[PDB]
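# Descriptive analysis of the structure
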Number of protein chains: 2
Amino acid sequence: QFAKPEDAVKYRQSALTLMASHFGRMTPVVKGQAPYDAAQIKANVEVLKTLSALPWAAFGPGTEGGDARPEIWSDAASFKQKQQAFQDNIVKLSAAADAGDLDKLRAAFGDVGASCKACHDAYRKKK
Amino acid sequence: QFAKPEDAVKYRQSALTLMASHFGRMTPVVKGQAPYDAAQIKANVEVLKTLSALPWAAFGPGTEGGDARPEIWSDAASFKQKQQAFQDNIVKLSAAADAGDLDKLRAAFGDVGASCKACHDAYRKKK
Ligand code: HEC
Ligand code: HEC
């Protein structure tokens, strides 16, 4: 869906920015600094589920650019494993949110965040 | 969910960029220049449905910035009507996509695009 590589870059950056807002806005809830409304979090995690599937199709071959390491492209199976571990962690977060369980939510949230960081450290250029 | 107004601006710009990609990527299909796969379009419109609900909460009071006209804020009921007409046009597009009907899809797509343009012309600063 991208006319030029720059368009894929802009899409994935926007997707990741959203995904990041929908993940990070739950930090006060997971920490107890904001109240836990199970329905609110269920709905937000559904949004996050949708968003978390979107970035990956915008790293199609030859779309080097942005802060993406070339290592994404030449190690496709392995990048795919990082992506797929992250979404299976998102599945677990959805299960916790759907269950309405703050303890399970906190644990699952931590696992997701670790998976964000794992891909970051391997595949996101240093600033 | 935004620490500063700039964060709301960046969120809504990213949301709108996505929404725009998920809408615009269907143009070749609606024009017949690309094949029509009813399941593909159903799935894409579902993504668009999710995305099309997201920008509006990131124009919360005092979040003037970006290309948003101040007119969004002082005319809240009316901006809300433009937003709500646009999503009711998205509901119609979902119905067309779920029906698997290229004629209904084309008509509904045109209506959505008109609603994008209506809000654009009223509420998006001139470049
Ligand atoms: C888990 C919920 C997260 C969160 C919070 C973020 N990511 Fe990543 N990310 C990855 C790569 C390769 C990039 C660079 C993309 C490019 O510039 O071409 C990024 C970038 C980001 C950003 C910045 C986006 C921007 O506006 O420029 C942010 C805020 C971000 N990420 C947050 C790679 C991955 C992954 C590889 C499989 C995974 C998993 C994640 N990111 C997960 C997350
Ligand atoms: C219907 C599917 C669309 C499409 C394709 C786009 N919009 Fe809009 N839009 C609105 C406002 C106020 C802005 C400015 C936001 C800001 O800068 O603070 C925008 C911006 C955009 C963009 C640019 C985003 C960016 O990356 O900077 C794009 C690509 C875009 N729009 C496409 C306002 C509205 C509406 C008011 C109710 C509606 C409806 C739409 N936009 C619909 C669409």
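Residues numbered from 1 in each chain as written, not as in the entry; some residues may be left out. Chains lettered and ligands numbered in written order. Heavy atoms only, no water. Residues with missing side-chain atoms left out of burial classes, pairs and counts.

Looking at where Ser 14 of chain A falls in the secondary structure, it is placed in helix α1 (residues 5-24). Residue contacts for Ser 14 of chain A: discarding those within four places in its chain leaves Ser 14, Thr 17 and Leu 18 of chain B. (Helix = DSSP H or I, 4+ residues; strand = E, 2+ residues; numbered from the N terminus. Contact = heavy atoms within 4.5 Å.)

Attention now goes to the side chain of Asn 44 of chain B. Mapped onto the elements, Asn 44 of chain B comes out in helix α3 (residues 38-52). Residues contacting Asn 44 of chain B, with those up to four places away along its chain left out, are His 22, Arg 25 and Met 26 of chain B.

Of all residues adjacent to ligand 2, which total 23 residues, the nearest are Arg 12, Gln 13, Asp 67, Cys 116 and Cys 119 of chain B. The residues that come close to ligand 2 belong to more than one chain, namely chains A and B. A distance of 2.8 Å separates an oxygen atom of ligand 2 from a polar atom in the side chain of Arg 12 of chain B. One of the side-chain nitrogen or oxygen atoms of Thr 17 of chain B is found 2.9 Å away from an oxygen atom of ligand 2. Looking at the shell around ligand 2, the elements with two or more residues in it are α1 (5-24), α5 (76-99) and α6 (102-123) of chain B. Considering each element in turn, the shell around ligand 2 owes the most residues, 7 residues, to α1 of chain B. (Near = heavy atom within 4 Å. Polar contact = N/O pair within 3.5 Å; in protein donor to acceptor, adjacent residues only side chain to side chain.)

Turning our eyes to something else, we now look at the site of ligand 1. Not every one of the 23 residues close to ligand 1 is listed here, only the nearest: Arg 12, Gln 13, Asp 67, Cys 116 and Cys 119 of chain A. Per-site note: the chains with residues close to ligand 1 are chains A and B. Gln 13 of chain A is positioned with one of its side-chain polar atoms (N or O) 2.9 Å from an oxygen atom of ligand 1. A distance of 2.9 Å is found between an oxygen atom of ligand 1 and a side-chain nitrogen or oxygen belonging to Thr 17 of chain A. Within the residue set of the shell around ligand 1, elements represented by two or more residues are α1, α5 (76-99) and α6 (102-123) of chain A. Tallied by class, the residues present in the shell around ligand 1 amount to 13 nonpolar, 5 polar and 5 charged. (Nonpolar A, V, L, I, M, F, W, Y, C, P; charged D, E, K, R; others polar.)

Both copies of the chain are placed relative to one another by a rotation about an axis and a shift along it. Mapping chain B onto chain A leaves a residual RMSD of 0.0 Å; the transformation is a rotation of 180 degrees accompanied by 0.0 Å of translation along its axis. What the superposition gives is, in effect, a two-fold axis relating one chain to the other. Proximity to the rotation axis, assessed at the C-alpha, singles out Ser 14 of chain B in chain B; its C-alpha lies 2.2 Å from the axis. (Least-squares fit on C-alpha atoms.)

Quick look at the UniProt feature "binding site: heme c" in chain A now. All names here are of chain A. Under the present numbering, the feature "binding site: heme c" in UniProt falls on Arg 12, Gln 13, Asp 67, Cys 116, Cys 119 and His 120. Mapped onto the elements, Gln 13 comes out in helix α1. In this structure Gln 13 comes out as partly exposed when scored by relative accessible area, which is 38%. Dropping the residues within four chain positions of it, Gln 13 is found in contact with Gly 66 and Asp 67. Mapped onto the elements, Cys 116 comes out in helix α6. (UniProt positions renumbered as here; feature names shortened; annotations may be inferred. Buried < 20%, exposed > 50% of the residue type's maximum accessible area, 1.4 Å probe, protein only.)

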